[PDB]
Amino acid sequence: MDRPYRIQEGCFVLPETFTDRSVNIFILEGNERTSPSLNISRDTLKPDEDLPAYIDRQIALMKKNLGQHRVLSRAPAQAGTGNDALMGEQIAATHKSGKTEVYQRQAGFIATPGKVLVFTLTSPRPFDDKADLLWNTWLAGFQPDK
């Protein structure tokens, strides 16, 4: 009933019954207003919900909650390079925060049954080659557990 949970700093036990609402956040501190930021978040699939339907649901939420949200592209995505790589989808989108036009990539994967793992890159400027390389190397370098 106790099972291990790992963070960067070490590891501890949690009851099997827990729900993980952790959000990993990585920023270039002091230069947030020009630099991309990275985010990893977690979610659970609704009954009979597959990953495409999950992404549709999230797209509709962002249309609802964010400023003038617009999806720019949608394509397959992969986290890792081995036979155990996560196979999922990604979108690119923009939305408005005050004067700023925020640019985002988000990639969703079912890492274990019923549980979605979401990688997000957020930039205060349109994507450039540097941001694209960051995004693609981040996903390719991911090493799934187990």
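The first residue of the shown sequence is 1; numbering continues from there.
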According to the deposited model, is the average Cα temperature factor higher in 58-66 or in 36-44?
58-66
Is the mean CA B factor in the deposited entry higher across 104-112 or across 24-32?
24-32
Among 53, 87, 93, 121, highest Cα B-factor in the entry goes to 53
Quick tally, chain-level thirds of C-alpha B-factors: residue 134 sits in the lowest
Residue 98, C-alpha B-factor rank within chain (lowest, middle or highest third):
highest
